[PDB]
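Q: Experimental structure and sequence below, a few questions after.
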Amino acid sequence: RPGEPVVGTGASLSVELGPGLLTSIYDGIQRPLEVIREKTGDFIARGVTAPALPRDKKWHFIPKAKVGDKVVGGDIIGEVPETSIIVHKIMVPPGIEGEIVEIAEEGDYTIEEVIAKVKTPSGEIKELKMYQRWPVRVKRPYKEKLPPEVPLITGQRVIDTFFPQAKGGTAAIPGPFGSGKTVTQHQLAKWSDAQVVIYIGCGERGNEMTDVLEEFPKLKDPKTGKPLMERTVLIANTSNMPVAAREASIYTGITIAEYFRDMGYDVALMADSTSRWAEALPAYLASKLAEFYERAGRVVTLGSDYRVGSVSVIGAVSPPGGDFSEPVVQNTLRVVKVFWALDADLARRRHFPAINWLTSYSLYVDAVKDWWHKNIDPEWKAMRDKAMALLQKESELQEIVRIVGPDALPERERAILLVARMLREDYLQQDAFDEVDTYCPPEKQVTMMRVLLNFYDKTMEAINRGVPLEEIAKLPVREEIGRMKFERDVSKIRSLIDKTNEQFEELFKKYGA
């Protein structure tokens, strides 16, 4: 039911975009959860019954345009406080321009009501509401797609520092989001500097549906202290749902995602995944998947004002079982510019986040280095390169030690392992359960890095002067450097640099052991 008919390839799988999207839980083709099912095919499709946006709910509409104003698609004509977190921006649908000949006054109205009328150049009068419809299969229009430039600040050291995600970029991460082996997936949803989150919690099973049904509605927004759902849109993909819906779920979400970026918001699209993502709609499948990821990006939105928004995509990769080949992983890792490899062995060893700093990668490092250099620290890129070289050296050294033992190791090599270990423990590792280290501000990330890299220089300098490594290993400032991640006052952390220098001096005084 619902209503719809047409020829060509594709009936017209659309989506409603307007107030009532937040806190909402839909499915592959947008409709309140636990509803009837669709039907697909490499041709068209069908449905059944259930709305999308509440027809009864009343929204406070605030006029942001006067009669006589000229407008274009994307222009913002009003504002609606949808939740205590997000202000919904009402825009002229794409492909509509002309003069505003009629506009509602600040009041309360339901979605179907008409809040404005635009007289097109042709003279035709178009009626505008607070919502609009769009074909999930057609990428929403924008003026220009900007090159990766701004990082998506995650707050997680390993990611922000070594494997950056650009706002509007594409990232892949292993296993199901529901997996309890790590909590990085959840840290990403609530700390990334995106105003809105579009969660396609697919690959659900056994109870991962009810595990999110009455749970998330209680998860909080660390930034405001209100429910995270108040700035989220859930898109479930259970096993009793047709392959068709799940297949359309990423398109319904990416479209809703594009819609919010059109307002000037940065939004994060997180797509969960399990075994055999779909079977609706290797060869052609590759083109499709790529097409999806291509709709990611930071753009200059439609509109008269000059506005930027973006959709960053984080997709879960779940191969049939370790094989890490087809479908998921293979095709995906070829598209995405970022890959954070949760490693079960890092996890068993209790190293968190369990991200393998040797097999992860970000093709956005150079793309975001200038933002860091201009706004946070002139030495960002040099510092991370240096820390990575350290970790790279440690890796090679540990391989060799695995063979000939560690007894023949020179002081110089022991020092490298000493500092490399401090990097792993004092920087890479982050406590998602600590009230302070759960989020690490850009400013704090670099200061901690400088404290570590300065300890390194000083360590290699002391060794070159005959200082016993054993003497440096028990240096008092080391224990402070290891609790650094727990200090919320960046200036106290920053002072460890001076505290390090003097201490080495007292080691340059005693001259040795």
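A: Looks like it came in fine. Numbering: from 1, shown residues only.

Q: What residues of stretch 282-292 count as buried?
A: Within stretch 282-292, the residues that qualify as buried are 286, 289, 292, counting by 16 or more other CB atoms under 10 Å. For the C-beta atoms, the positions are set from N, CA and C on the backbone; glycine is no exception.

Q: Go through the residues you listed and name the one nearest residue 167.
A: Using CB to CB, residue 292 is the member of these that lies nearest residue 167, at 18.1 Å.

Q: show me what contacts residue 222?
A: Shown in contact with residue 222 (CB atoms under 8 Å, 6 or more residues apart in numbering): 190, 191, 438, 439.

Q: Among the residues you listed, name the ones in helices.
A: Among the contacts of residue 222, the members found in helices (DSSP state H) are 190, 191.

Q: longest strand anywhere in this protein?
A: strand 308-317 (DSSP state E).

Q: Which strands border it, and is each parallel or antiparallel?
A: Its sheet considered, strand 308-317 pairs with strand 170-174 (parallel), strand 266-271 (parallel), strand 297-300 (antiparallel) by DSSP bridges.

Q: For residue 420, give me the backbone phi and psi.
A: phi -60, psi -40 (degrees, to the nearest 10).

Q: ok, now residue 162?
A: The phi/psi pair for residue 162 (degrees, to the nearest 10) is phi -100, psi -30.

Q: What residues sit buried inside the helix ranked longest in the chain?
A: Criterion DSSP H: the longest helix present in the chain is helix 380-404. For helix 380-404, burial by neighbour count (16+ other CB under 10 Å) applies to 380, 381, 383, 384, 386, 387, 388, 390, 391, 394, 397.

Q: can you list those in CSV and add distance to residue 134?
A: Shown next, in CSV, are the buried residues of helix 380-404 (distance: CB to CB, whole Å):
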residue, distance to residue 134
380, 39
381, 40
383, 44
384, 40
386, 47
387, 45
388, 43
390, 49
391, 45
394, 51
397, 55
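
Q: out of those residues, which one sits closest to residue 457?
A: Closest to residue 457, out of all of the buried residues of helix 380-404 and judged by CB to CB, is residue 386, at 9.6 Å.

Q: The closest one and residue 277, how far apart?
A: According to CB to CB, to the nearest Å, residue 386 and residue 277 sit 40 Å apart.

Q: Could you find the closest non-adjacent residue to the residue nearest in space to the middle of the chain?
A: Centroid-nearest residue in the chain: residue 268, 4.7 Å away (criterion: CA atoms, centre = their mean). Nearest-residue entry for residue 268: residue 194, 3.9 Å, with adjacent residues in sequence omitted and distances by CB to CB, 6 or more residues apart in numbering.

Q: Residue 267 is in contact with the one you found, correct?
A: Yes: under the criterion of CB atoms under 8 Å, residue 194 makes contact with residue 267 at 5.2 Å.

Q: Who are the contact partners of residue 65?
A: 71, 75, 76, 77, 78, 100, 103, 116.

Q: and the angle for the helix or strand hosting residue 289 with strand 308-317?
A: Taking DSSP states H and E as the definition, residue 289 sits inside helix 284-293. Regarding helix 284-293 and strand 308-317, their directions subtend 140 degrees when assessed with axes from the mean of the first three to the mean of the last three CA atoms, to 10 degrees.

Q: following the helix or strand hosting residue 199, which helix or strand shows up next?
A: Following DSSP H and E, one finds residue 199 within strand 196-200. Moving toward the C-terminus from strand 196-200, the next helix or strand (DSSP H and E) is helix 210-213.

Q: How far away from the center of its chain is whichever helix or strand comes after that next one?
A: Remark: after helix 210-213, the chain's next helix or strand is strand 232-236, criterion DSSP H and E. Here strand 232-236 is found 15 Å from its chain centre; the criterion is CA atoms, centre = their mean, to the nearest Å.

Q: what lines up beside strand 232-236 in the sheet?
A: With DSSP bridges as the test, strand 232-236 pairs up with strand 25-27 (parallel), strand 196-200 (parallel).

Q: any shared contact partners between residue 194 and residue 267?
A: residue 312.

Q: Look up how far residue 360 lies from residue 274.
A: Distance from residue 274 to residue 360, by CB to CB: 22 Å.

Q: Now do the contacts for residue 170.
A: 293, 296, 312, 313, 315, 335, 336, 337, 338.

Q: quick one: which of those has the most company?
A: Counting neighbours by other CB atoms under 10 Å, residue 313 comes out on top of these with 29 neighbours.

Q: which of the strands paired with strand 232-236 sits most buried?
A: Among those, strand 196-200 has the highest mean neighbour count (mean count of other CB atoms under 10 Å), at a mean of 26.

Q: Can I get that one in CSV, CA atoms only?
A: Taking Å, rounded to 0.1, in the frame of the first residue of the first chain, the C-alpha atoms of strand 196-200 are listed here in CSV:
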residue,chain,number,x,y,z
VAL,A,196,24.2,14.1,13.3
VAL,A,197,24.8,10.3,13.1
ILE,A,198,23.1,7.9,10.7
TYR,A,199,23.5,4.4,12.1
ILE,A,200,22.7,1.5,9.8
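
Q: how far is that strand from where the chain is centred?
A: 9 Å.

Q: can you list contacts of that strand?
A: With CB under 8 Å, 6+ apart, strand 196-200 has contacts from 22, 86, 189, 228, 231-235, 237, 249-250, 253-254, 256-257, 260, 265-272.

Q: In ChimeraX, select just the buried ones from those.
A: To isolate the buried members of the contacts of strand 196-200 in ChimeraX, using 16+ other CB under 10 Å:
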select :22,86,189,228,231,232,233,234,235,237,249,250,253,254,256,257,260,265,266,267,268,269,270,271,272
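
Q: I'd like to know which of the strands paired with strand 232-236 is closest to residue 354.
A: Across the strands paired with strand 232-236, closest to residue 354 is strand 196-200 (CB to CB), at 21.4 Å.

Q: Could you find the closest non-adjacent residue to residue 163?
A: Once flanking residues are discounted, residue 163 sits nearest to residue 362: 3.9 Å by CB to CB, 6+ apart.

Q: Quickly list what that neighbour is bridged to.
A: According to DSSP bridges, beta-bridge pairing links residue 362 with residue 338.

Q: same thing with residue 79?
A: residue 62, residue 89.

Q: for it, what are its contacts?
A: Contacts of residue 79 (CB under 8 Å, 6+ apart): 61, 62, 64, 87, 88, 89, 90.

Q: ok, now residue 478?
A: 422, 455.

Q: Quick check: it is in a strand.
A: No: with DSSP: H, G, I helix; E, B strand; the rest coil as the criterion, residue 478 is helix rather than part of a strand.

Q: Could you measure from it over to residue 472?
A: In terms of CB to CB, residue 478 sits 8 Å off from residue 472.

Q: cool, and residue 127?
A: From residue 127 to residue 472 the distance is 75 Å (CB to CB).

Q: Compare the two (neighbour count), which wins?
A: More crowded of residue 127 and residue 472, by other CB under 10 Å: residue 472, with 23 against 11.

Q: what's the more buried one in contact with, if anything?
A: 415, 418, 459, 462, 463, 504, 507.

Q: Quick check, the fourth one in contact with residue 504.
A: Yes: under the criterion of CB under 8 Å, residue 462 lies in contact with residue 504, with a separation of 5.7 Å.
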